[PDB]
Amino acid sequence: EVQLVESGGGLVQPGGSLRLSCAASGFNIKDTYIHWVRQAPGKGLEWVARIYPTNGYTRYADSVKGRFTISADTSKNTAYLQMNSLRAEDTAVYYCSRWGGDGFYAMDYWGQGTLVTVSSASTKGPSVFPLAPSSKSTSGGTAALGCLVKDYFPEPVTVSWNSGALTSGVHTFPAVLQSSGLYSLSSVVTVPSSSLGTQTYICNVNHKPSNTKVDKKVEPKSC
Amino acid sequence: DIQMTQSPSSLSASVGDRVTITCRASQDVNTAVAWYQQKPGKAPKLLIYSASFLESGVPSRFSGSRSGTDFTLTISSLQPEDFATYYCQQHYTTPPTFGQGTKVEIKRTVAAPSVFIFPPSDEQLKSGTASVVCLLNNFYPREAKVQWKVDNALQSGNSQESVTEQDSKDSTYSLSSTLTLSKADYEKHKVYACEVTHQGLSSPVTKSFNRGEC
């Protein structure tokens, strides 16, 4: 079935250059147009460029025209987008997609996207900090605990609880860009107050950018 | 560049409700508008192409209309799994432009926050900083007012909230305010208080603790 994958995104420094790629299965890109649509973080869907792999014709969005090159190689069934003089404005998730043509110029299949972050900022991984119960009051019924993932660059981090076995009442919030240009997030979990001491709560924090894998055991205190 | 204006910007509609989103073409775009679904953190999906026709595998409770240069997506009987952002698109000229999106969030019975405050861990406090955290768990509507009092004197801009997308099972949102400050200023004050205002609470709940390291 019609599948479209994308790859090679990551942190680029401004003015750098990247090459995202898009590997089409289930169809021959030859007889279709291929489109690169992007989406900045928390904004809408921007079109960047299209290719007709067969006569190779292209069309670009003005924001992009001249700095970016969409090409396609039909023998590899892959299409490519070459980004040059990358501005911070180019930080977006990038989706390729196609126009079936037969019946419609709608964009029926799309890929999963790839995060391209354009920044001057060096990779830094998470310091992981416990958010512990019973800080004034011990009794209640349902207790809450979490882990505070602080100061990492770029996105993402992945928070799990007790190696994926505690999936209930787990709330990992949206990340927040700090004044510092670095991210933070909290992952929280609600549990019974009977179990505190009968059970270990441990969060697992994977920053794949810095190759960080922290495990913190969130356990209680008195004051 | 024909501009697809799209209204509303978001809507609370209840399960079973008929919902209607419009996208007004800024130039006649004929019949060349497709409509898309965006479930959070995911690739766009086609629902309707060239105004009217559903994609294969799109539930018939979805439907598209044309009336000049106004285009309508209708969900007859809104299901709880239609929590998504819908996008409209004129694919008439180049560039293909999109509408600004309409978030459709499910309405349900006004629930109240379970508030929890958390002191700074001293592994952080060592590093010369202090993030005091306030949790507001499983409430609805999304709106709410967290309010940091530090020995009663509430604070200006030094707190930052983040909020959950609404849950899939119980349509509630969760949210956290994180007041962060230097291990120095932190230690000037004794009492650290969070004051939560919401509809689900007749009275503002105040969660607090006395300054740690004890």
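Residues numbered from 1 in each chain as written, not as in the entry; some residues may be left out. Chains lettered and ligands numbered in written order. Heavy atoms only, no water.

- Looking at the PDB entry, one finds chain B named IGG1-KAPPA 4D5 FAB (LIGHT CHAIN), with Homo sapiens as its source organism.

- Under the PDB entry, the name given to chain A is IGG1-KAPPA 4D5 FAB (HEAVY CHAIN), and the source organism is Homo sapiens.

## Comments concerning the overall build of chain A
Now for step 1: Counting secondary structure elements, chain A contains 0 helices and 18 strands.
Now for step 2: On the principal axes, the C-alpha backbone points of chain A span a range of 70 × 40 × 25 Å.
Now for step 3: If you take every contact in chain A between residues at least 6 apart in sequence, the share linking residues at least 24 apart comes to 58%.
Now for step 4: Computed over 19 positive and 14 negative side-chain charges, the separation of the two mean positions in chain A equals 7 Å. (Helix = DSSP H or I, 4+ residues; strand = E, 2+ residues; numbered from the N terminus. Contact = heavy atoms within 4.5 Å. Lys, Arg positive; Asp, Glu negative; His and termini not counted. Charge placed at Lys NZ, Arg CZ, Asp CG, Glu CD.)

## Things to note about the side chain of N137(B)
Now for step 1: You can see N137(B) is positioned in strand 13 (residues 129–139).
Now for step 2: Given the relative accessible area of 3%, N137(B) is considered buried.
Now for step 3: Within the structure, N137(B) has its side chain in polar contact with the side chain of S174(B) (distance 3.0 Å).
Now for step 4: Excluding residues that lie within four positions of it along the chain, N137(B) makes contacts with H171(A), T190(A), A112(B), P113(B), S114(B), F116(B), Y173(B) and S174(B). (Buried < 20%, exposed > 50% of the residue type's maximum accessible area, 1.4 Å probe, protein only. Polar contact = N/O pair within 3.5 Å; in protein donor to acceptor, adjacent residues only side chain to side chain.)

## Remarks on the state of the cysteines
Residue and element names in this part refer to chain A.
Now for step 1: Per the counting criterion, the structure on display carries 5 disulfides over all chains.
Now for step 2: Here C147 is linked by a disulfide to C203, with a sulfur-sulfur distance of 2.0 Å. What sets the handedness of the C147 and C203 disulfide is the S-S torsion sign, and at about -90 degrees it is left-handed. Linking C147 in strand 12 (residues 142–152) with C203 in strand 17 (residues 201–207), this pair joins segments that are 56 residues apart in sequence.
Now for step 3: Here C147 falls in the buried class, since its relative accessible area comes to 0%.
Now for step 4: Residue classification places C203 among the buried residues on the basis of a relative accessible area of 0%. (Disulfide = S-S within 2.5 Å.)

## Some details on the interface of chain B and chain A
Many structure descriptions define interface size as the accessible area lost when the parts assemble.
Now for step 1: The interface of chain B with chain A comprises 42 residues on the first partner and 42 residues on the second.
Now for step 2: Contact between chain B and chain A buries roughly 3,400 Å² in total, counting both sides, with carbon and sulfur atoms accounting for 65%.
Now for step 3: A per-residue breakdown of the area chain B buries against chain A is headed by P44(B), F98(B) and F118(B), which together make up 15% of the total.
Now for step 4: Our count for the contact surface shared by chain B and chain A stands at 1 salt bridge.
Now for step 5: Across the salt bridge formed by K216(A) and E123(B), the nearest N and O atoms sit 3.3 Å from each other.
Now for step 6: Residues belonging to the side of chain B that touches chain A are distributed by class as follows: 20 nonpolar, 18 polar and 4 charged. (Buried area = accessible area lost by both parts, 1.4 Å probe. Salt bridge = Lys/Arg side-chain N within 4 Å of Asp/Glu carboxyl O. Nonpolar A, V, L, I, M, F, W, Y, C, P; charged D, E, K, R; others polar.)

## Structural notes on the domain arrangement of chain A
Residue and element names in this part refer to chain A.
Now for step 1: Under the domain assignment used here, chain A contains domain 1 (1–120) and domain 2 (121–220).
Now for step 2: Between the C-alpha centres of domain 1 and domain 2 there is a distance of 35 Å.
Now for step 3: Counting from both sides, the interface comprises 5 residues of domain 1 and, opposite them, 6 residues of domain 2.
Now for step 4: Taken together, the two surfaces of domain 1 and domain 2 that pack against each other cover about 390 Å², and 63% of this comes from carbon and sulfur.
Now for step 5: Summed over the shared surface of domain 1 and domain 2, the number is 0 salt bridges. (Domains from an automatic or database assignment.)

## Quick look at the nonpolar core
Now for step 1: Within the largest apolar cluster, 44 residues are counted, with the highest numbers of intra-cluster contacts made by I34(A), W36(A), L81(A), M83(A), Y94(A) and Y36(B).
Now for step 2: Residues within four places of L81(A) in sequence aside, it is in contact with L18(A), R19(A), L20(A), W36(A), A49(A), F68(A), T69(A), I70(A) and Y94(A).
Now for step 3: Counting 25 residues, the second-largest nonpolar core is a separate cluster that includes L11(B), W35(B), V58(B) and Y86(B). (Core = buried A, V, L, I, M, F, W, Y, C linked by side-chain atoms within 4.5 Å.)

## Points about the sheet that holds strand 14 (residues 148–150) of chain B
Now for step 1: Taken together, the 4 strands give an open sheet; going across it, the order is 15-14-18-19 (chain B), and neighbouring strands pair in antiparallel fashion. A single partner strand is all that each edge strand has here, and the edge strands are strand 15 (153–154) and strand 19 (205–210) of chain B. (Pairing = 2+ DSSP bridges.)

## Quick look at the sheet that holds strand 16 (residues 159–163) of chain B
Residues and elements named next belong to chain B.
Now for step 1: Strand order in the open sheet made by the 4 strands is 12-13-17-16, with antiparallel pairing throughout. Each of the sheet's edge strands pairs with one partner strand only, and the pair in question is strand 12 (114–118) and strand 16. Neighbour-to-neighbour, the strand axes of the sheet open up by a mean angle of 15 degrees, direction not taken into account. (Axes fitted to C-alpha atoms, helices over the stretch in contact; angles between N-to-C directions.)

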